[PDB]
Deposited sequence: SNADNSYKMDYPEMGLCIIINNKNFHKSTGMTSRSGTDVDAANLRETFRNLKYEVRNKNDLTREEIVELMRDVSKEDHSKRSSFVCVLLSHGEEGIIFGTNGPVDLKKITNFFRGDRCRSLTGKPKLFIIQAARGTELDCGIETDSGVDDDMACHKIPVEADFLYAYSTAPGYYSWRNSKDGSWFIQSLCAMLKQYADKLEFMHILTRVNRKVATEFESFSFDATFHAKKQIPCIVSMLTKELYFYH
């Protein structure tokens, strides 16, 4: 039975990289994300208004670190754009380019460990083991620009994590977020999307 769950009792839970290019034209998404993941014992680092190069450079430098004592890795991306799902301040960012830094062979320190990419975008996925993507294309129903504007996906994701991190498995949490966001948009009448290549269960306790 222990074989079916990811080992999450390493000395550290892992890093949580939050990138906020939403404001680039205190943030309610970034603040809620930080507090949520800090309560999960993640080392949270916040970034703001990064160019495409700066993001790639950041993700590379992160992959060169020693995650030997870390349980997992989390990256949260907030940005706007037209083509693709992640964006720098200049333009679109190749997701294949980023995830390659963390492939099982490229980053031995994260091999067999879950790599979580949370993505909020506003107006090609890499299939590698132990990777998970939870992305949204619609942040809210009206405006998502300044630091006071909230992303429905992100805010509900934090809420579900606050309530169910010590009970539900991660996919079940994401499913409840799917339902939460779907119900929110339905009240005013675009659902999030879970892309999972995980090989085990993810429990945060």
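K.L.:
Could you list the ranges of the deposited sequence that have no C-alpha atoms in the model?
P.N.:
Residues missing from the model, as numbered along the full deposited sequence, span 1, 27-36, 135-155, 222-230, 247.
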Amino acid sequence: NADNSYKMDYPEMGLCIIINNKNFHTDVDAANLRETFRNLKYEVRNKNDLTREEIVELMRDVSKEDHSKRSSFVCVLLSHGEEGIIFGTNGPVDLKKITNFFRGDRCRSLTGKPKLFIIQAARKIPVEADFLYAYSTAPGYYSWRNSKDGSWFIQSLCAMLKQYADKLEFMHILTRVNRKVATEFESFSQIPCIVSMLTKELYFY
From here on, numbers count along this sequence of modelled residues.
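K.L.:
Would you determine, from the values in the PDB entry, which of 99-107 and 72-80 has the greater average C-alpha temperature factor?
P.N.:
If you average the C-alpha B-factors of 72-80 and of 99-107, the larger mean comes out for 99-107.
K.L.:
Tell me which of 174-182 and 33-41 has the higher mean C-alpha B-factor in the deposited entry.
P.N.:
The entry gives the higher C-alpha B-factor average to 33-41.
K.L.:
Return the residue from 136, 51, 151, 46 that has the highest Cα B-factor in the entry.
P.N.:
Of the options given, 51 has the highest CA B-factor in the PDB entry.
K.L.:
Per the entry, which of 125, 119, 129, 116 tops the list for Cα B factor?
P.N.:
Comparing C-alpha B-factors across 125, 119, 129, 116, the top value belongs to 125.
K.L.:
Among the chain's modelled residues, which third holds the C-alpha B-factor of residue 28?
P.N.:
For residue 28, the deposited C-alpha B-factor lands in the middle third.
K.L.:
For residue 11, return the chain-relative third of its C-alpha B-factor as stated in the PDB record: lowest, middle or highest.
P.N.:
Answer is highest: the recorded C-alpha B-factor places it there.
K.L.:
Taking the C-alpha B-factors as the PDB entry records them, is residue 163 in the lowest, middle or highest third of its chain?
P.N.:
It belongs to the middle third of the chain when residues are ordered by C-alpha B-factor.
K.L.:
Sort the modelled residues of this chain by their C-alpha B factor and say whether residue 196 lands in the lowest, middle or highest third.
P.N.:
Within its chain, residue 196 is a lowest-third residue by C-alpha B-factor, going by the deposited values.
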